[PDB]
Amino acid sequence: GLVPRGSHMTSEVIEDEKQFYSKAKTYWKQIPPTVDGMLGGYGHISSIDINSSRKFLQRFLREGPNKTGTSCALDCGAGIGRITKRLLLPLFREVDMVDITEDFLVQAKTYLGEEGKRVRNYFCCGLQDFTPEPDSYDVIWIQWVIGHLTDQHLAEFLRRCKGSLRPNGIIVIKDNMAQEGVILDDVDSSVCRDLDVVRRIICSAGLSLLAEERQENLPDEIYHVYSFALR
């Protein structure tokens, strides 16, 4: 028969792309603009996440003959700026944020406090319609949002990001990974993809893998989380 043991691409699990996006936008509009909101009830893990991200990223900034710069970073799917506040602003002179939910970007101005004065652009846009500026960012940080893009949109977005990188720049994807296949969450209207699917999409965007690391010390019940450094 035609029905496979499991799905391995978004076209197998997304019935209607327009509705996939509109339902996700509606979902996020209804979430409190708080760290626990950003983390789906896992606010208590935020420091574990941030401290691992810092160690992961610092190697590129501090080590080697071709160091990644610290001028400008872009936080993608940034929400209220949880990552911008604790990871990026302390490391980069300037940060831009892009998120589909305007109210989160508005809350960011409060949440980020005085250091938030160094957030330059707050872009209210879906990543699928966003073009980061060519030759603009040392680091493009994409966390806990790739499941909201279709395969074609994710591939193209990553390709646009590649063009946005300054010399020695990197893209980091940090996100949920499925054990096998592609799984639809029909509540928040997102997918979770396995490592092979994500690797295929990275390759299709013309990106090379620099590092790949599974996040330790996370809640036992949640999807595994991986960080990929790319350029």
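Residue numbers run from 1 along the displayed sequence. Definition used throughout: the rigid core is the maximal C-alpha set that superposes within 1.5 Å between two forms.
Farther from the shown form on average, by C-alpha root mean square after a core fit in 8 other deposited structures of this protein, is 199-207, of the stretches 199-207 and 49-57. With 152-160 and 88-96 compared on mean CA B-factor from the PDB entry, the stretch scoring higher is 88-96. The PDB entry reports B-factors from which the mean C-alpha value can be compared for 130-138 and 77-85; the larger average falls on 130-138. By the numbers in the PDB entry, the CA B factor is greatest at 186 among 175, 194, 186, 49.
By the numbers in the PDB entry, the CA B factor is greatest at 64 among 64, 169, 40, 181. The entry lists a Cα temperature factor for residue 104 that places it in the middle third of the chain's modelled residues. When the modelled residues of the chain are ordered by C-alpha B-factor, residue 215 sits in the middle third. Residue-level temperature factors show residue 3 in the highest third of its chain, judged at the C-alpha atom.
Ranked by C-alpha B-factor against the other modelled residues of its chain, residue 22 falls in the lowest third. Residue 144: CA B factor in the lowest third of modelled residues in this chain (values from the PDB entry).
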